[PDB]
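In C-alpha cells, the next block holds one chain alone, the form deposited in one PDB entry.
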C-alpha cells in the first residue's frame, strides 16, 4: 500500500481535521445554552480523558497494523467487524447534517458580495413589521415578539421555515440551496477523485488561512467597546449546577465530536505510514491545538455576544435564548453589519467557514472511502472512481431529504441524535475490544519500541477502567435523560422523539446483527464457537 510520504502533510491533515466548523458551532452554542461560565470548569478533565487516550491508542493501532479501518479488525477481533458499517452509517449521517450548513455558508458567501450587505436593514423580502432591531438614540422598545435583521435573514430568506408548520408539514423546494449543494458536491468529488496525493497537497494551502482569519477576527472583535461583560460572563466559576444535572454530558459529546475518535479518520490517516517515534507527539499536538482553537472560538463568540448585549443595553443570558445553531449566523452577521469595515470581514469569515467545512467533510469522507476500498479489493483494483462517484450520488441523495425539505428541524434532530449515543456506543465497543478482549500487554509490547518511550503507568491504567467507566456513564446518562428539543418556538412532538430514538438505536444495530450472523454461521457449541471465532489473525 501507499504511504503518506513526508510527515508534514500528515500533520497538516490531522490538524485540519482537528479544526472543525462543527466544533466551532457546537462548543459556544451549548456553552451559552447551559449558561456560559458553567461550561469550561467541568470540561478540561473530560476533554483529556476522552481525547488523549482514544486518539493516541487509535493512532498507534493504525500505525502498527496498516489495514484501513474496516479490514483492520480482521486481525484483532473479527466478531466486531460490523463497526465498519456502523461508522459508515454514522459518517453518512454526519455528512448529511454537514451539507446543509455548508450550503448555508456558501450561500452567505455568495450573498455577501454586494457593496451593501443585506444585514444592516430589511429589504423588500423581509417582514419590516417585526424587523425593528436598529440601534437608535433610545427610541427602541423591545417586546416579547421583536426580531432582528439577521434573524429574519436566517429564518425567512435562506430557510423559509414560515412555509413549514413542523416536521409533519412538508416544505417548499429551494433551487438556490439545490445548486449550492450541487456545486459543493462537484467540488468535493473533483477533490477526492485524484487520490491521497492531492489529499495531502490540498491541506497545506488551506492550513494557515483559517488560522489567520481567526486571529484577525479575534483582534478586531476584542477592540469594540463592550469586550468585558462577555468575557466576565464566559469566565464565571458557577459551582452551583455542575454536580449531576449540569452540562457534563453535553460537554463530553461536544469534545468527542471535536476530537473525532473512532470516526475512522484516525485509522485512515494511520494506515499509510508507520510514523516511528512521533505518534504520541502528533496526537498530543493535534489534541492541544484542537482544544486551543475551540477555546479561541468560544472566547471570540462570547466577546462578540457581550459587545452586542452592551450595545443593546440588556443582559447577556437573554439574547437569542430559543435560537439553536443560528447563534453564529445571527450574532456575527449583526457584528459585521455594525462594524464600519464591512464587505471584507464577512467575506473572509465565510471563506474561513467554507474551507474549514470542506477540509472537515473531505477528511470524513476519505476515512470511509479508503476503508471500504481496503475491505473490497475487487473494487479497490479499478472501480475506485466509480465507487466514489456512487458514494457522492448516495450522499447527495441522502442530503436532499434534509435540504429540499426547507426546515432546520430535521437538521437539529440529526445534530442532537446522530453524533451522540450511536458513536458513543461505537467508541465504547471499540475500546472494550482493544482493551479487554485484545491484551493491552501485547498491544503495547510493540508500540513501546515503535515510539521509543514506555506508555506504561498512565495508559495501562487509563485504557482499562476509567475510560470505559466514563464512556458507560455518559451513555447511560444519555439513555436515561430525555433529550427535549426546542427550535424557533416549536416543541418537538413525541412522535419525533420516538423517531429519533429509533434511528439512534438502529444506527448501531449492525454490530449486534453481525455478531448474530457470525454466531449462527459458526458451527458447534457456544463455547468452542466463541473461543475459535475471537482469534486475532
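Note that the rigid core is defined as the largest set of C-alphas that superpose within 1.5 Å between two forms. Positions refer to the first chain, counted from 1.
Keep in mind that the form deposited in another entry is not shown, yet the notes after this line are about it.
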With the rigid core superposed, which of 121, 215, 281, 454 has its C-alpha shift by 2 Å or more between the shown form and the other one? 454
Does residue 35 count as moved between the shown form and the other one, where moved means a C-alpha shift of 2 angstroms or more after fitting the rigid core? yes
Taking the rigid core as reference, does the Cα of residue 206 move 2 Å or more between the shown form and the other one? yes
Does the C-alpha of residue 404 move 2 Å or more between the shown form and the other one once the rigid core is lined up? yes
Between residue 150 and residue 39, do the C-alpha atoms lie closer or farther in the other form than in the shown form, with a difference of 3 angstroms or more? farther
Are residue 405 and residue 151 closer or farther apart at their Cα atoms in the other form than shown, with the shift being 3 Å or more? closer
